[PDB]
Amino acid sequence: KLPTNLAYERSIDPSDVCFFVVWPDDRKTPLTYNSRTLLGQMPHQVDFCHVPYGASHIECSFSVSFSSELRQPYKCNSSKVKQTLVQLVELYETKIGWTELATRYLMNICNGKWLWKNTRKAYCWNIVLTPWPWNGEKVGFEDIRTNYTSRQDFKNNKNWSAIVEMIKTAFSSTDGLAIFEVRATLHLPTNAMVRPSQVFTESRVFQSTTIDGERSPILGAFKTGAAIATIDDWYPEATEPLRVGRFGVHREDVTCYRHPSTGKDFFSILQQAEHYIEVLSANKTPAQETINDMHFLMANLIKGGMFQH
Amino acid sequence: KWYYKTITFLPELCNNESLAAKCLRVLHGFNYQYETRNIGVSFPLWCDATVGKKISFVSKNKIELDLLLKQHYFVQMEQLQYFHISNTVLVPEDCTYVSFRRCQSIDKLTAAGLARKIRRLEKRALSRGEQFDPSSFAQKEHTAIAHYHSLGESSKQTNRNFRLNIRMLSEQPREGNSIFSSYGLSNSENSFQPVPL
RNA sequence: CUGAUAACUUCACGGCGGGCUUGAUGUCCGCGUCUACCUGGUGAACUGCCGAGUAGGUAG
């Protein structure tokens with residue numbers, strides 16, 4: 001249990017988001033911000049980033065790609081734990097299939113969870129996916145405030161079973177891969193503000209990249225992947241989802257759920273995996289503390305990270 | 001040939017700008033009787049923070065002062081020891097003649113400011129020419145703004161909420177018999193008066 | 001209640017002359033640093049007029 005070496009590599013890996021501004025003359029230009037340098041009499045930046053006057057809409061773009069790196073550890077000291085883990089993932093996909101996790105990630109891509117506080121004060125936003133490998137025209141999700149609200153409402157779309165099935169083949173098939181390109185249109189009001197990411201300094205300086213000479217804000221690479229992994233709704237007496245860490249950390253209200261006293265963190269669950277291959281070789285599985293722990297373990301191997309001593 | 005006094009703020013538990021601003025609010029409460037525009041506000045301390053522990057209003061000829069200092073505001077306030085209106089002392093002539101102007105460029109640096117400015121700029125395209133696309137008036141992408149202090153007041157009959165700004169130039173003592181516009185600063189620009197320390 | 005008490009060592013003074021360390025010299029062969037990662041503006045500096053004016057003056 002917990003050798004010197006154990007490490008997994010991540011399955012989902014997204015990229016930076018890029019913001020552009022569309023004009024009524026039918027073009028698009030990058031979005032720029034400004035600092036103001038606060039001087040004394042005879043230093044800290046303050047950055048502001050607002051939508052320019054007379055525009056039409058904001059277009060955001062990024063690209064996410066799902067892979068199969070969860071089926072075998074990147075490192076392992078002992079040929080005793082790897083056998084357990086590969087048949088753990090094999091019994092999980094035999095008994096209780098990949099559709100819950102796949103739908104629960106694709107919902108967070110399709111509604112704009114990665115538009116962190118940018119859809120407050122917004123009229124309509126429209127998300128378009130371009131998947132790969134694929135044959136057909138693009139997969140559109142239109143006006144997510146008043147047309148897409150729940151899991152039953154997404155399933156009444158034309159192109160949903162194919163998207164969740166290619167995510168299932170990516171998580172299942174060894175040497176398998178799916179790639180989605182995402183771009184989303186935001187119709188913000190006149191002179192609405194924009195909230196990108198902020199650099200770590202110990203005020204309010206933005207994260208930026210250069211797009212063809214103009215600097216632009218991005219809203220993160222690691223931030224935008226912490227919004228596709230807000231799926232943790234299985235902790236004891238649950239009410240509200242979480243980023244899938246190992247110690248159930250809710251960010252703003254400082255405290256951590258899933259403390260190791262409760263035994264519902266990753267290590268207390270992981271060290272009882274011979275019980276999970278015990279129960280999943282039977283003929284009935286309870287959905288209250290056995291399915292809700294296999295979901296947490298499989299969502300926490302997809303994240304990756306080194307499980308050492 | 002006239003004089004200053006210090007309304008001192010001493011409760012030793014107070015924020016200074018938010019008392020000084022409503023002192024200037026009740027200064028604007030005065031001078032609706034008719035436009036007797038003869039008052040300077042004259043904040044005698046000015047650090048790189050903290051608008052001073054004092055305020056020092058000026059009058060002209062010793063009696064208009066106590067029409068201003070009975071401004072329906074300290075009469076129900078000064079039962080106890082919180083402020084101190086200083087008692088009408090002819091000026092010691094060892095001070096410095098400094099300025100107080102509302103500069104209207106702290107207020108028009110914001111993105112709302114050039115939004116208003118560009119929407120005015122073809123509000124009055126009525127000298128009819130070829131209309132521009134507004135896709136090129138990109139803002140000042142790096143700006144070094146100097147020191148300023150802000151006072152939080154509001155509009156005189158409407159619910160419009162601006163602020164007002166103060167700087168501390170030093171300039172040219174002798175000029176005229178010192179009228180201004182309404183509430184107390186020296187951005188009149190017909191007679192831009194220094195009112196001393 | 002001190003092997004007790006007391007106890008001005010000092011003046012002068014030229015170490016100099018001379019001196020070729022050199023000859024020769026292959027350090028090289030091999031080499032995977034890798035896995036994981038939300039810094040946040042609670043709401044928050046408005047609405048106008050003149051200026052041919054991203055510059056400049058105003059009223060509240």
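Computed quantities for the displayed model
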{"quantity": "Dipole of the protein assembly as shown, positive direction: furthest Cα of A:132, B:19, A:39, with charges on the beta-carbon", "calculated": "B:19"}
{"quantity": "Simple spin-label estimate for residue B:188 and residue B:150 in nanometres, 7 Å along Cα-Cβ", "calculated": "2.9 nm"}
{"quantity": "Cα centroid of region A:259-299 to Cα centroid of region A:135-199, whole Å", "calculated": "30 Å"}
{"quantity": "Residue order, fewest to most surrounding Cβ atoms within 10 angstrom, among B:167, A:204, B:128", "calculated": "B:128, A:204, B:167"}
{"quantity": "Contour minus Cα-Cα distance for residue B:26 and residue B:81 (0.36 nm per residue)", "calculated": "17.8 nm"}
{"quantity": "Footprinting exposure proxy for A:179, B:63, A:269, A:167 (fewest neighbouring C-beta atoms within 10 Å first)", "calculated": "B:63, A:179, A:269, A:167"}
{"quantity": "The protein assembly as shown: calculated mean residue ellipticity at 222 nm from DSSP helix runs of at least 4, using -39500 (n - 2.57)", "calculated": "-5500 deg cm²/dmol"}
{"quantity": "Cα-centre dipole for region A:103-156 with unit charges at Cβ (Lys and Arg positive, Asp and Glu negative), debye to 20", "calculated": "360 debye"}
{"quantity": "Convex hull of the protein assembly as shown built on C-alpha atoms - directionally averaged projected area, nm²", "calculated": "35.9 nm²"}
{"quantity": "Cα centroid of region B:151-197 to Cα centroid of region B:37-98, whole Å", "calculated": "15 Å"}
{"quantity": "At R0 = 25 Å, FRET efficiency that the Cβ-Cβ distance of residue B:47 and residue B:3 yields, to 0.05", "calculated": "0.50"}
{"quantity": "Dipole magnitude of region B:1-127 about its Cα centre (Cβ charges: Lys, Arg +1; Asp, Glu -1), debye to nearest 20", "calculated": "820 debye"}
{"quantity": "Neighbourhood net charge (9 Å Cβ-Cβ; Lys/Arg +1, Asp/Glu -1) for residue A:10", "calculated": "-2"}
{"quantity": "Between 0 and 90°, nearest 10: helix B:111-121 axis offset from chain B longest Cα axis", "calculated": "60 degrees"}
{"quantity": "Fewest-first sequence of A:33, B:82 by Cβ atoms within 10 Å of each Cβ", "calculated": "B:82, A:33"}
{"quantity": "Total charge dipole magnitude, chain A, about the Cα centre, Cβ charges on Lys, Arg, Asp, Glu only, Debye to nearest 20", "calculated": "300 debye"}
{"quantity": "Relative contact order of chain B, defined on C-alpha pairs under 8 angstrom at six or more residues apart (%)", "calculated": "32 percent"}
{"quantity": "Most positive-pole-ward Cα, A:225, A:103, B:118, against dipole of the protein assembly as shown from beta carbon charges", "calculated": "B:118"}
{"quantity": "Cut-off 12 Å between beta-carbons: net charge of the residues surrounding residue B:184, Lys and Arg +1, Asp and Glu -1", "calculated": "+3"}
{"quantity": "Environment charge of residue B:86, counting only residues whose C-beta is closer than 12 Å and scoring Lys/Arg +1, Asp/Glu -1", "calculated": "+2"}
{"quantity": "Leading residue at positive end of dipole, region A:171-306 (Cβ point charges), from A:205, A:249, A:286", "calculated": "A:205"}
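Cβ sites come from the backbone with ideal geometry, for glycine too, and all protein chains shown count toward neighbours. No value in this document is a laboratory result; all are computed from the given coordinates.
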